[PDB]
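Protein chains in written order, with full-length UniProt numbering: chain A, 2 to 104; chain B, 2 to 35, 50 to 210.
Don't be surprised by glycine CBs; every beta carbon is placed ideally from N, CA and C.
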């Protein structure tokens with residue numbers, strides 16, 4: 002799922018860049034002709050707004066963690082069996098050691 | 002009085018010890034009450064700190080609830096120490112032995128050794144202590160407590176070689192996982208199939 006969102010964001014960014022290039026070409030043509038104070042066509046403006054909204058949707062979905070405020074639910078499935086043993090004090094005197102000695 | 006146990010109980014005890022080779026293990030043997052003492056099967060009680068009675072309270076009460084359902088009786092209680100160089104019963108073990116001896120007239124304490132605990136077991140590797148309410152604490156030097164030593168050796172070797180002893184469940188796992196039972200059905204099917 003995240004890969005699809007990343008691809009959609011990339012496609013939206015590419016569409017935005019293409020709309021930018023089209024607007025730049027429009028302004029370059031406008032500089033050619035005297036007067037004719039007209040705005041850029043509305044179709045490209047709608048396309049760039051569509052690219053603005055599409056990339057704005059996946060940018061929220063990419064980084065969603067929203068971890069729970071309560072910390073009692075994170076030590077909830079953990080049992081006391083694993084907590085009893087500690088990495089610090091570790092005695093290497095067990096029957097399994099001499100059981101596994103020969104293979 | 003001779004002591005005799007079924008290879009199923011011994012295999013269960015050995016596999017319970019193998020499941021947690023780093024902490025002390027506990028077990029309860031079950032007999033039939035209707050001179051030699053015949054054992055039917057064993058149920059593993061707890062593991063870890065192994066110094067708590069009120070959990071043993073619930074364990075033993077549920078054990079009794081099960082014995083009055085299938086017409087069984089509790090014979091003895093077995094415990095293995097953590098350190099390899101330790102073959103002496105503890106105070107809690109003696110207390111449980113006296114508690115069981117109040118009801119039943121024959122409770123043997125089984126100490127599982129750690130020095131001779133390897134892949135290819137010789138045979139007995141079991142310490143039998145006979146305790147009572149008085150200061151009588153005697154350990155039997157050596158006798159025969161199992162029926163078919165070669166066959167039992169073969170089943171034990173097959174069970175230990177094949178990594179199928181992770182299905183063994185404990186009473187603590189029953190509390191943590193209600194899904195898991197504590198009668199060891201798969202173990203019973205396996206020992207029946209092997210024979």
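Do you know whose CA, among the options, lies nearest residue i's CA?
i	options	result
residue 10 (chain A)	A:85, A:54, A:65, A:83	A:54
residue 137 (chain B)	B:167, B:124, B:120	B:167
residue 163 (chain B)	B:2, B:11, B:3	B:11
residue 204 (chain B)	B:189, B:170, B:190	B:170
residue 187 (chain B)	B:123, B:62, B:6	B:62
residue 39 (chain A)	A:27, A:48, A:15	A:27
residue 94 (chain A)	B:34, B:129, B:64	B:129
residue 86 (chain B)	B:35, B:191, B:182	B:35
residue 117 (chain B)	B:102, B:104, B:149	B:149
residue 181 (chain B)	B:3, B:2, B:7, B:17	B:17
residue 2 (chain A)	A:76, A:48, A:63, A:81	A:63
residue 108 (chain B)	B:72, B:66, B:82, B:75	B:66
residue 49 (chain A)	A:34, A:18, A:73	A:18
residue 196 (chain B)	B:32, B:72, B:3, B:81	B:81
residue 50 (chain B)	B:2, B:75, B:100	B:2
residue 33 (chain B)	B:99, B:15, B:7, B:72	B:7
residue 177 (chain B)	B:158, B:75, B:209, B:194	B:209
residue 74 (chain B)	B:64, B:95, B:28	B:28
Within 6 Å: the Cβ of residue i and any heavy atom of the ligand MG?
i	result
residue 91 (chain A)	The ligand content of the structure shown is nil, which means the ligand MG is not present either.
Looking at residue i: is its Cβ nearer than 7 Å to the Cβ of residue j?
i	j	result
residue 206 (chain B)	residue 9 (chain B)	yes
residue 97 (chain B)	residue 19 (chain B)	no
residue 5 (chain B)	residue 30 (chain B)	no
residue 22 (chain B)	residue 96 (chain A)	yes
residue 146 (chain B)	residue 152 (chain B)	yes
residue 59 (chain B)	residue 191 (chain B)	no
residue 13 (chain A)	residue 52 (chain A)	yes
residue 16 (chain A)	residue 45 (chain A)	no
residue 93 (chain B)	residue 111 (chain B)	no
residue 65 (chain A)	residue 6 (chain A)	no
With residue i as the anchor, note down where its alpha helix (DSSP H) starts and where it stops.
i	result
residue 20 (chain B)	8 to 20
residue 187 (chain B)	186 to 191
residue 16 (chain A)	3 to 33
residue 62 (chain B)	It is not in any alpha helix (DSSP H) - residue 62 (chain B) instead sits in the beta strand (DSSP E) that spans 51 to 63.
residue 99 (chain B)	Element bounds for residue 99 (chain B): n/a, residue is neither H nor E.
residue 59 (chain A)	43 to 63
residue 83 (chain A)	81 to 85
residue 81 (chain B)	68 to 82
residue 99 (chain A)	96 to 100
The beta strand (DSSP E) that contains residue i, what's its start and end?
i	result
residue 208 (chain B)	It is not in any beta strand (DSSP E) - residue 208 (chain B) instead sits in the alpha helix (DSSP H) that spans 200 to 209.
residue 92 (chain B)	88 to 95
residue 30 (chain B)	25 to 32
Which whole-angstrom value is the C-beta distance of residue i and residue j, which I expect to be below 8 Å?
i	j	result
residue 119 (chain B)	residue 89 (chain B)	7 Å
residue 126 (chain B)	residue 102 (chain B)	6 Å
residue 124 (chain B)	residue 139 (chain B)	Incorrect: roughly 15 Å between the Cβ atoms, too far for contact.
residue 174 (chain B)	residue 199 (chain B)	In fact, because the Cβ distance is near 12 Å, the residues do not count as touching under 8 Å.
residue 24 (chain A)	residue 47 (chain A)	Not quite, the Cβ-Cβ distance comes to about 13 Å (not below 8 Å), so this is no contact.
residue 13 (chain B)	residue 56 (chain B)	7 Å
residue 15 (chain B)	residue 99 (chain A)	Actually they are not in contact, since the Cβ atoms of residue 15 (chain B) and residue 99 (chain A) sit about 14 Å apart, beyond 8 Å.
Original post:
For the segment 117 to 182 of chain B, which segments carrying the alpha helix (DSSP H) assignment without a break, of at least 4 residues, lie completely within its bounds, in sequence order?
Top reply: 164 to 176
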